[PDB]
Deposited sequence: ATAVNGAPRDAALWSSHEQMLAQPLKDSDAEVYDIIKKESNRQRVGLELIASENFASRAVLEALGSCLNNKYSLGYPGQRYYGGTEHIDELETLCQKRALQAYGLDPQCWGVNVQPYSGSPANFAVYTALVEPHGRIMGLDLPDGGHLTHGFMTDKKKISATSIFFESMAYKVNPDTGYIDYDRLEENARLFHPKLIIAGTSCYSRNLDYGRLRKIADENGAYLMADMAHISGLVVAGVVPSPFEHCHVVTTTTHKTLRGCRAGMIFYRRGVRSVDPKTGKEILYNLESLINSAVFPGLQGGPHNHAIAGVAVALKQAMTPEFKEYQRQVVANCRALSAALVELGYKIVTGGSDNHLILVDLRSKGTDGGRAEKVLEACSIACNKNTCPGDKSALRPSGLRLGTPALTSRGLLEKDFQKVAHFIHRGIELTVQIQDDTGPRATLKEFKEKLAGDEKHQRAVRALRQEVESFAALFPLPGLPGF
């Protein structure tokens, strides 16, 4: 047809006004808000351009040199290039390390590794969820298995010491001798400290287990050399490509090659087989191009500088909050985030996140090591990656600290009008249903959005 020939060439603005409008409103919402959620960032224009390329059309099952279909000359150049930049970015010798770049995301990357090295019902140990662990590391209760990791495998968590906020390696070492894990996971979603990879490797070798690092949250810090690298002691390293690496959504699996002890590593073929034809079908080539572009950007001195600023910003933010009387779990941080214990102010993350949200300050609740209840998490997780990508510096994060402080005070107030004992649903009602309050929110929001508009919003020119 003559009209069908152009339906395929019509711009989004004309083709789908409704979706186009939603993107515009979301673009604007991101501009006037303060993003403190530790897992978010702003991808560069170049990365986003690669996502909408014609690579979306190429279907290519398999791997370079092992393709099911033909016509993959350029797709091979792409994937090969992506793998080369991944090893390079982390300073890895291709004779000792290899990498798979097809995982659709972080969760799928972890699952493929378990499938490959652990097998159904094999034992896996990971940091407990309320102590800062991730769902894919295992999540189950006494009556039900929630995470797919816990459903298809046998997981058992290890905890942090509630008095220090640090991972209790001694207890882990002891429990591992009884549990007999086939794989131990070193990775976190809400832990402000570096992990003792060396100690974990010793514990893993003691039980004949593999040591897998999930560096999703610190992958960017690692490339820049701002926090120790897990590649020195781990057998496998998984990671997402967004978060601190600042790329598009996707995942990667790094695995050791060569001699293990003369015993040789068999990780490569097991992992590759698990990703495909095991768990996935055709790879998302447009996403692989986006990652390639993100990895090149991550190797620039500018990126290195960005990462140093990220950590500096976190330090300034934590210091400013301590000065305002806030308690930081473990007293501080070594990376991009901090867990703030709000008990030091008589409130909780559950109520605080809602008030701050209404004020255009995004962050999320999280349980603190102590916490005797998950229905009333004591802390707030705060991260600096996103705002640092917008150019905020130390002086800016001190102002951010005051805005957050204003928020906490407000959440406390809506709490003093409700009485020391009241449900979360009563609190939210008194929040949006009170002259002085919905009015307190409106005022703080205005100051927050004005301050936020002073900074550039990375991405495509203008949606």
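Residues of the deposited sequence with no modelled C-alpha atom fall in the ranges 1-13, 275-281.
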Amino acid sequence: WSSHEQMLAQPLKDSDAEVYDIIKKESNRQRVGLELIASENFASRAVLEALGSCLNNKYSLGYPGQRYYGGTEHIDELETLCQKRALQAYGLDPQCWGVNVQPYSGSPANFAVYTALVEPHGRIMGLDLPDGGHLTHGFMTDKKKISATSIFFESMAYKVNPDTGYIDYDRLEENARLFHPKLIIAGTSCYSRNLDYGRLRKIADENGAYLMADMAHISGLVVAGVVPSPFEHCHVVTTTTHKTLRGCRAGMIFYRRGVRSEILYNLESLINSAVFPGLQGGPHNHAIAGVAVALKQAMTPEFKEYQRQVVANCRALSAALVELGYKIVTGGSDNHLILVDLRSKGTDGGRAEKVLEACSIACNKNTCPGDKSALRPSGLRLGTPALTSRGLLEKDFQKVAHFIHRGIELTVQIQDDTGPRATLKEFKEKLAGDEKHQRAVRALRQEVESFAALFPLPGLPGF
From here on, numbers count along this sequence of modelled residues.
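Look at the C-alpha B-factors of 369-377 and of 227-235. On average they run higher in 369-377. Per the PDB record, of the two stretches 214-222 and 345-353, 345-353 carries the greater mean B-factor over its C-alpha atoms. In the PDB entry, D128 places in the lowest third of its chain by CA B-factor.
Per the PDB record, residue ranking by Cα B-factor puts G187 in the middle third of the chain.
Sorting the modelled residues of the chain by their CA temperature factor places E174 in the lowest third. When all modelled residues of the chain are sorted by CA temperature factor, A38 is found within the highest third. Ranked against the other modelled residues of its chain, the C-alpha B-factor of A86 as given in the entry falls in the lowest third.
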